[PDB]
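Just so it is clear, none of the values below were taken in a lab; they were calculated from the coordinates. All Cβ positions, even for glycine, are placed from backbone atoms using ideal geometry, and neighbour counts span all protein chains on display.
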Amino acid sequence: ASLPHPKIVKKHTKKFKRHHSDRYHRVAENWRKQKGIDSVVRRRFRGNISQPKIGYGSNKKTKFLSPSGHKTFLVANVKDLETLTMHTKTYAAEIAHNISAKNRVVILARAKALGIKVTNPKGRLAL
Amino acid sequence: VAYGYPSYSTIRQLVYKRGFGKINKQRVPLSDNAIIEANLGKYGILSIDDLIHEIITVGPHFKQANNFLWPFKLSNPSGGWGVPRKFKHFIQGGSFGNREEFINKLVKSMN
Amino acid sequence: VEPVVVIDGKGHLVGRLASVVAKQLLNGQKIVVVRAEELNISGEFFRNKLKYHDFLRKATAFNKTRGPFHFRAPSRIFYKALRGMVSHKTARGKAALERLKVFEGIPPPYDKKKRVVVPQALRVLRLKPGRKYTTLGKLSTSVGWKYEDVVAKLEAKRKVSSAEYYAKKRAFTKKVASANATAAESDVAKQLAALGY
Amino acid sequence: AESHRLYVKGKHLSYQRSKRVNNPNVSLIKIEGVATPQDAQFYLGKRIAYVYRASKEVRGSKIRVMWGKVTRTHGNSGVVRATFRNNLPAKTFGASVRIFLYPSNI
Amino acid sequence: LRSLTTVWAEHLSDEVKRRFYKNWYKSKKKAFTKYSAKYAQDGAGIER
Amino acid sequence: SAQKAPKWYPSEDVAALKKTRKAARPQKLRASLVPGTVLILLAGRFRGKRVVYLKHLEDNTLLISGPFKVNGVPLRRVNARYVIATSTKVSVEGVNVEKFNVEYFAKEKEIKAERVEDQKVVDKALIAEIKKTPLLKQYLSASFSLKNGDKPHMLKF
RNA sequence: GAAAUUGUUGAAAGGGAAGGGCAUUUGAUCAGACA
RNA sequence: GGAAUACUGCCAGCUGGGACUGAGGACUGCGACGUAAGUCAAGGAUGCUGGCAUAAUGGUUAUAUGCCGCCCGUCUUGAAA
RNA sequence: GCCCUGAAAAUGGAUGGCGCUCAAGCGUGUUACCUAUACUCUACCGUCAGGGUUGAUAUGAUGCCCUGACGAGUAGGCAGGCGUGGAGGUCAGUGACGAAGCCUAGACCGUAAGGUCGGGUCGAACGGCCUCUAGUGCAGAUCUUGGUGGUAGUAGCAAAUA
RNA sequence: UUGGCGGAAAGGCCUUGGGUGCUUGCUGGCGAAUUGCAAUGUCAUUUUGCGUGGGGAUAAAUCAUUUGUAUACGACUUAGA
Ligand SMILES: [Mg+2]
Ligand SMILES: [Mg+2]
Ligand SMILES: [Mg+2]
Ligand SMILES: [Mg+2]
Ligand SMILES: [Mg+2]
Ligand SMILES: [Mg+2]
Ligand SMILES: [Mg+2]
Ligand SMILES: [Mg+2]
Ligand SMILES: [Mg+2]
Ligand SMILES: [Mg+2]
Ligand SMILES: [Mg+2]
Ligand SMILES: [Mg+2]
Ligand SMILES: [Mg+2]
Ligand SMILES: [Mg+2]
Ligand SMILES: [Mg+2]
Ligand SMILES: [Mg+2]
Ligand SMILES: [Mg+2]
Ligand SMILES: [Mg+2]
Ligand SMILES: [Mg+2]
Ligand SMILES: [Mg+2]
Ligand SMILES: [Mg+2]
Ligand SMILES: [Mg+2]
Ligand SMILES: [Mg+2]
Ligand SMILES: [Mg+2]
Ligand SMILES: [Mg+2]
Ligand SMILES: [Mg+2]
Ligand SMILES: [Mg+2]
Ligand SMILES: [Mg+2]
Ligand SMILES: [Mg+2]
Ligand SMILES: [Mg+2]
Ligand SMILES: [Mg+2]
Ligand SMILES: [Mg+2]
Ligand SMILES: [Mg+2]
Ligand SMILES: [Mg+2]
Ligand SMILES: [Mg+2]
Ligand SMILES: [Mg+2]
Ligand SMILES: [Mg+2]
Ligand SMILES: [Mg+2]
Ligand SMILES: [Mg+2]
Ligand SMILES: [Mg+2]
Ligand SMILES: [Mg+2]
Ligand SMILES: [Mg+2]
Ligand SMILES: [Mg+2]
Ligand SMILES: [Mg+2]
Ligand SMILES: [Mg+2]
Ligand SMILES: [Mg+2]
Ligand SMILES: [Mg+2]
Ligand SMILES: [Mg+2]
Ligand SMILES: [Mg+2]
Ligand SMILES: [Mg+2]
Ligand SMILES: [Mg+2]
Ligand SMILES: [Mg+2]
Ligand SMILES: [Mg+2]
Ligand SMILES: [Mg+2]
Ligand SMILES: [Mg+2]
Ligand SMILES: [Mg+2]
Ligand SMILES: [Mg+2]
Ligand SMILES: [Mg+2]
Ligand SMILES: [Mg+2]
Ligand SMILES: [Mg+2]
Ligand SMILES: [Mg+2]
Ligand SMILES: [Mg+2]
Ligand SMILES: [Mg+2]
Ligand SMILES: [Mg+2]
Ligand SMILES: [Mg+2]
Ligand SMILES: [Mg+2]
Ligand SMILES: [Mg+2]
Ligand SMILES: [Mg+2]
Ligand SMILES: [Mg+2]
Ligand SMILES: [Mg+2]
Ligand SMILES: [Mg+2]
Ligand SMILES: [Mg+2]
Ligand SMILES: [Mg+2]
Ligand SMILES: [Mg+2]
Ligand SMILES: [Mg+2]
Ligand SMILES: [Mg+2]
Ligand SMILES: [Mg+2]
Ligand SMILES: [Mg+2]
Ligand SMILES: [Mg+2]
Ligand SMILES: [Mg+2]
Ligand SMILES: [Mg+2]
Ligand SMILES: [Mg+2]
Ligand SMILES: [Mg+2]
Ligand SMILES: [Mg+2]
Ligand SMILES: [Mg+2]
Ligand SMILES: [Mg+2]
Ligand SMILES: [Mg+2]
Ligand SMILES: [Mg+2]
Ligand SMILES: [Mg+2]
Ligand SMILES: [Mg+2]
Ligand SMILES: [Mg+2]
Ligand SMILES: [Mg+2]
Ligand SMILES: [Mg+2]
Ligand SMILES: [Mg+2]
Ligand SMILES: [Mg+2]
Ligand SMILES: [Mg+2]
Ligand SMILES: [Mg+2]
Ligand SMILES: [Mg+2]
Ligand SMILES: [Mg+2]
Ligand SMILES: [Mg+2]
């Protein structure tokens, strides 16, 4: 149970692909601004791809929030998790990718006793 | 543009519904009567009807009452513009020009 | 309200009938068109003859096979005037053209169903009295359709069979109208007459 | 009785559109028996459902239903606009859509 | 034009029977054997 | 540390709700709902059933009682917008429904004996009124259905 | 031990290109919320 | 000679049906209804009730459908050329 | 006024097409109706301007909060940020029960540059933040180097007697 | 089950006879409920597969070989228990 918040609207749920990204393998999918003179994207013709701009911004009430309602926070050890004791309903713990298996059982045993939500409890389960 | 001779009804439909007054830099609506008193109390105007009285009966202090009103943001008319060709004169069957009293039908449609 | 609408072609125009069918074909209605040899075209016969030979000389130059096909069938000429009113190059237009079955004459599957007319498409409710008309069956024979005699022979054959059915029907509705003679003087008919029946 | 129809049958015409620009959020529903906009005022606010079928058992029922309602009238021949919860899939043009009588007014 | 009835003979020769097959040496020569059952009755199906 | 800690740490206490100004007003029904109206049902398990109206309840619902002998409709709530009301009136002056309310149709299998005996009391004074006018018992048993060529904007119901 | 390219298996589509945008259906797949 | 009606204009006259929106988060301000206690549509939504608690809504992706979309970069008054 | 003759060009053709002829033509009116990223209202992001707010115990006063208007754009200017090599400091950071890299129509966050997580492979160094530095960000320069396709299992493997 | 008609894609129509179900043409008896205030509340239709029961049928084509009326290659055209 997190803080009460309104309905989160992203206003663009789609990843921005670059113009001519799926046609050439040399062109990555990261959005980079087309700065030509005969572009069909810079001049914004109809039926083409949309450009990301400041109108696509999310509400500040619903900014940096997961669909659970909490914010994310990378947790390395126990000392980096005890700071979130009085803020369990706002932030959520997230065990880092380079954490060994002997320390993930320690972090999950500590956040359970403190009520801090861990976003990745299924990481490196010996099953 | 197209200008006309308004009656008391169509002036009253604009000051109450689309009435906005410019205080120091901001477009402020005329929701309360003491707001007008705090700006035009030197000229005797202390209600929203004292603004309307200066409009239809143009007194010696019409300029300060007219400069106080923000320009009315009118909408498109509800029953259309009438004639299909707008950019001819109203005498030739268009929209612009010195239309007379028929403006009162056209303001309430746009409001 | 009918699932399949059967439109008679006799006494109708071309452009005012194909427009009121191609709209109904995009509405989900199945329309069959029978007796297309009696379909009529406004204007005199020689003008509508000149507007086909002006189109008959229109073909692809390097290969006349790939050019515009010049059909002689009156059922297919009306289908040509209807496929220009449907966006046939899309998948939506291909589904509207499968909803139609346009025939020459009245086929034995479609001879026992009631045919309709379209009052905004008759040749008499639209044209002025004193204007010349053009029968599509007389037009098709003069440009190369070979099947006028095999249809009018079979059209005269069904009219003998349709007159024997109607002579049985008008002799039966007379017996129905004579069986309503005992419906009078009853208290039930004096109560249905007060309720609009 | 041989009939159990407590709705009004109707066809999906198209979306709200220009010559080229279309709006998929607003559809056009033709009501059978209505030729004037004065007769289309009775169907305002009636819930429109599109009954179609599928193959997966999601409720023990292959039949799946999308919902919608009536917003306003369209044109002069009695065309009725309709906004839906999820939009119609643009293949169902000329498909029989159901127009119920609830919420009633009489 | 449309063909709707083609009536054959009863005892055909082996010439047109060889025409109907591409391999007369592998065929069982069983062409028009069930058609000869039509001529075995009185002839109600023949004159029909 | 894999991520630097924030600086502000906003408050965990939830803000109290503001005093909204919305009162509970009684519902004004339409003029076609008088006590004793034959009602045509649109949705539910008893759709198309012509049935007798008795009384507006408190929680914006209507009393649908019977007759259970005629068409088999028990004591049942209904919504006001889901009902087409006709122009046929039946007497309601001998109906003893006063105790039926929101607590009577509240959920807590098996049919309660209170629901069975209260159905026969109400359906005793109604069928004696139905039999006074001709063809009303046959009218309520039959279900409603729209035929071909019917235009519900034209119908009077 | 990446990409170009390419093999097999699996899924999908294909009436003279392919690829894209808005919206939805169907198919595959998935997180979150609930006590 | 006396009325009616059409047309135009006005009402701080009444009232039915439909659509979209619910943003704000203790109180304050401005008014109304009352003899008063108080109440209210009065500086922006609550009250009641049902179903489900699962891929059902939704997200991604493939495909289909309606409509739209002529390969960019560059020099150019002007590039799909 | 309309129509007709005047009125003849080359691939097959253009009121956009079908087609229409008391016209869906021409001329003139009446209303009804259709729709722009325009207009009016509302939500949200961002910019600019005018303002409120150091009082203590509890944390950004380059902050919070209120109100109003505005938002196109090549050449070009400026500001806020993202990513990489390396260095000072710091979290007594991460790691041989698995670091970096790579693969992933699996998930999440940011308008975006990108960041994060799960699974597979892998075998050993690497990262967050505050700053400093720079042969620091690529799609096309008939770019360089290296590698590989369509063409294509096609052209062809035919002078000099076998 | 009897007698005909229908070939424009007939594939349908009309009629005789008995058997049987229902009849709301009129008058009764009993049952409905809790799908809990609505959720299309599923009743059609298309093709295929695997099982039971019953009747009926018991072959060809290609390659290879061969002929030249044919022939770039395929095809075509012949022959061979
Ligand atoms: Mg995003
Ligand atoms: Mg992603
Ligand atoms: Mg670029
Ligand atoms: Mg340019
Ligand atoms: Mg361009
Ligand atoms: Mg640790
Ligand atoms: Mg991990
Ligand atoms: Mg990883
Ligand atoms: Mg100033
Ligand atoms: Mg109007
Ligand atoms: Mg309008
Ligand atoms: Mg207009
Ligand atoms: Mg103009
Ligand atoms: Mg207005
Ligand atoms: Mg269609
Ligand atoms: Mg259809
Ligand atoms: Mg061609
Ligand atoms: Mg055409
Ligand atoms: Mg066309
Ligand atoms: Mg047929
Ligand atoms: Mg006429
Ligand atoms: Mg529209
Ligand atoms: Mg939508
Ligand atoms: Mg479609
Ligand atoms: Mg035969
Ligand atoms: Mg052979
Ligand atoms: Mg209150
Ligand atoms: Mg009410
Ligand atoms: Mg009312
Ligand atoms: Mg009954
Ligand atoms: Mg190796
Ligand atoms: Mg394999
Ligand atoms: Mg696939
Ligand atoms: Mg091809
Ligand atoms: Mg879940
Ligand atoms: Mg709980
Ligand atoms: Mg009024
Ligand atoms: Mg709120
Ligand atoms: Mg008072
Ligand atoms: Mg109040
Ligand atoms: Mg679930
Ligand atoms: Mg479950
Ligand atoms: Mg659901
Ligand atoms: Mg969905
Ligand atoms: Mg795709
Ligand atoms: Mg379309
Ligand atoms: Mg296009
Ligand atoms: Mg291209
Ligand atoms: Mg490009
Ligand atoms: Mg030049
Ligand atoms: Mg220039
Ligand atoms: Mg040019
Ligand atoms: Mg260019
Ligand atoms: Mg040419
Ligand atoms: Mg052409
Ligand atoms: Mg011309
Ligand atoms: Mg025309
Ligand atoms: Mg036109
Ligand atoms: Mg005109
Ligand atoms: Mg009007
Ligand atoms: Mg009209
Ligand atoms: Mg400040
Ligand atoms: Mg700008
Ligand atoms: Mg920035
Ligand atoms: Mg940097
Ligand atoms: Mg660095
Ligand atoms: Mg460091
Ligand atoms: Mg690793
Ligand atoms: Mg590597
Ligand atoms: Mg992988
Ligand atoms: Mg993947
Ligand atoms: Mg990939
Ligand atoms: Mg995340
Ligand atoms: Mg995650
Ligand atoms: Mg791993
Ligand atoms: Mg080593
Ligand atoms: Mg180390
Ligand atoms: Mg720096
Ligand atoms: Mg460099
Ligand atoms: Mg790049
Ligand atoms: Mg570049
Ligand atoms: Mg490169
Ligand atoms: Mg290159
Ligand atoms: Mg290169
Ligand atoms: Mg090279
Ligand atoms: Mg190669
Ligand atoms: Mg080889
Ligand atoms: Mg060779
Ligand atoms: Mg050579
Ligand atoms: Mg040699
Ligand atoms: Mg020699
Ligand atoms: Mg020799
Ligand atoms: Mg047929
Ligand atoms: Mg036949
Ligand atoms: Mg046959
Ligand atoms: Mg019987
Ligand atoms: Mg029965
Ligand atoms: Mg019956
Ligand atoms: Mg069922
Ligand atoms: Mg042998």
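Around the amide H of B:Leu46, modelled in the peptide plane, lies no amide H under 5 Å away from a residue 5 or more places distant or on another chain. Set the Cα radius of gyration of region C:31-99 against 2.2 N^0.38 Å, with N its number of residues, and you get 1.29. From least to most packed, judged by other beta carbons within 10 angstrom and beginning with the fewest, B:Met110, A:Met86 follow the order A:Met86, B:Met110. Across chain C, Cα pairs under 8 Å and at least six residues apart give a relative contact order of 30 percent.
Since only F:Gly36, F:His56, F:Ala23 are under comparison, the one whose Cα sits farthest along the positive direction of the charge dipole of region F:1-131, derived from C-beta charges on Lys, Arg, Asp and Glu, is F:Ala23. Each principal axis of the Cα atoms in region F:53-146 has its own extent, and those three values, largest first, are 41, 29, 28 angstrom.
Considering only Cα atoms, the convex hull volume of region C:53-191 works out to 240 Å³ per residue. The share of C-alpha pairs in chain B whose separation exceeds 17 Å stands at 59 percent. Checked against a 25 Å cut-off, the cross-linked pairs A:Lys63/F:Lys4; F:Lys49/F:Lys132; C:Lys10/C:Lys94; A:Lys11/D:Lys9; B:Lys17/F:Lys28; A:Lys11/F:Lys18 give Cα-Cα distances beyond that limit for C:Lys10/C:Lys94; A:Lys11/D:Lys9; B:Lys17/F:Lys28; A:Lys11/F:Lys18.
Divide the volume of the convex hull around the Cα atoms of chain F by the residue count and you get 295 Å³ per residue.
Shielding of peptide F:11-21 by partners, expressed as the average count of other chain Cβ atoms within 10 Å per residue Cβ, is 1. Note on region A:26-127: Kirkwood radius taken over Cα pairs, Stokes-Einstein applied at 20 °C and 1.002 mPa s, translational D equal to 124 µm² s⁻¹. The mean number of Cβ atoms from other chains found within 10 Å of a Cβ in peptide D:3-16 is 4, as a whole number. Counts of other chain beta carbons within 10 angstrom of each beta carbon in peptide F:3-10 average 4.
State log₁₀ I(q)/I(0) for region A:74-127 at q = 0.29, 0.30 Å⁻¹ as given by the Debye formula over alpha-carbon point scatterers of equal weight, solvent excluded. Each listed q maps to, in turn, -1.28, -1.36.
Once the convex hull of all Cα atoms in region C:117-197 is built, its volume per residue stands at 183 Å³. Distance from the alpha carbon centroid of region F:75-150 to that of chain E works out to 78 angstrom.
In region D:37-106, if the dipole is taken from +1 on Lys/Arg beta carbons and -1 on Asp/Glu beta carbons about the Cα centre, which of D:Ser55, D:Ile99, D:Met66 is farthest to the positive end? After comparing all options, I get D:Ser55.
Its Cα centre serving as origin, region C:104-197 has a Cβ charge dipole (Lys and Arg +1, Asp and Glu -1) of approximately 360 debye. Rounded to the nearest Hz, the phi-derived 3J(HN,Hα) couplings of region C:72-85 under the Karplus curve 6.51 cos²θ - 1.76 cosθ + 1.60 (θ = phi - 60°) are 9, 6, x, 6, 8, 5, 5, 5, 5, 6, 9, 6, x, 9, where x marks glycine and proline.
The ranking of A:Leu108, C:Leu25, A:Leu114, A:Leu127 from fewest to most other beta carbons within 10 Å of each one's beta carbon is A:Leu127, A:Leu114, A:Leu108, C:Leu25.
Its relative contact order, with pairs defined as Cα atoms under 8 Å and 6+ residues apart, puts chain B at 38 percent. Per residue of the protein assembly as shown, the DSSP helices (runs of n ≥ 4 H) give a summed -39500 (n - 2.57) that works out to -7000 deg cm²/dmol at 222 nm. Could you give log10 I(q)/I(0) at q = 0.04, 0.05, 0.08, 0.10 Å⁻¹ for the protein assembly as shown, computed by the Debye formula over C-alpha point scatterers of equal weight, without solvent? So the normalised log intensities work out to -0.37, -0.58, -1.27, -1.39. Given +1 at the Cβ of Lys and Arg, -1 at the Cβ of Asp and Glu and no other charges, the dipole of chain C around its Cα centre is 740 debye to the nearest 20.
Considering only F:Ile130, C:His88, D:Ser18, and ranking their Cα positions along the charge dipole of the protein assembly as shown that arises from unit charges at the beta-carbon of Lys, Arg, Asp and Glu, the one farthest toward the positive end is C:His88. Put simply, the Cα atoms of chain D extend 42, 41, 21 Å along their principal axes, the longest span coming first. For F:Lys49, nonlocal amide neighbours, meaning residues 5 or more places apart or on other chains whose placed amide H falls under 5 Å from its own, are F:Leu41, F:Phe144. In terms of the mean number of neighbouring beta-carbon atoms within 10 Å, the peptides D:50-60, D:75-85, C:126-136 order highest first as D:75-85, C:126-136, D:50-60.
Highest mean packing first, where packing is the average number of other Cβ atoms within 10 Å per residue, the peptides C:166-173, B:10-17, C:48-55 line up as B:10-17, C:48-55, C:166-173. Loop-located GluC sites (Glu not before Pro) in region B:5-111 (DSSP state other than H, G, I, E, B) with a sparse environment of at most 16 neighbouring Cβ atoms within 10 Å: B:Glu100, B:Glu101. Pair-distance distribution P(r) for chain E, from all Cα-Cα distances in 10 Å bins starting at 0: 21, 44, 29, 6 percent. Dipole size of the protein assembly as shown about its Cα centre, with +1 on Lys/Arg Cβ and -1 on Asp/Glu Cβ: approximately 3660 debye, rounded to the nearest 20. Per the Cα gyration tensor, region C:1-117 maps to an equivalent ellipsoid with semi-axes of 26, 19, 13 Å, ordered largest to smallest.
Structural descriptor for chain A: relative contact order 21 percent, calculated from alpha carbon pairs under 8 angstrom and at least 6 residues apart. Amide H contacts under 5 Å for D:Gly68: D:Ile48, D:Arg85, restricted to partners 5 or more places along the chain or on a different chain, H placed in the peptide plane at 1.01 Å from N.
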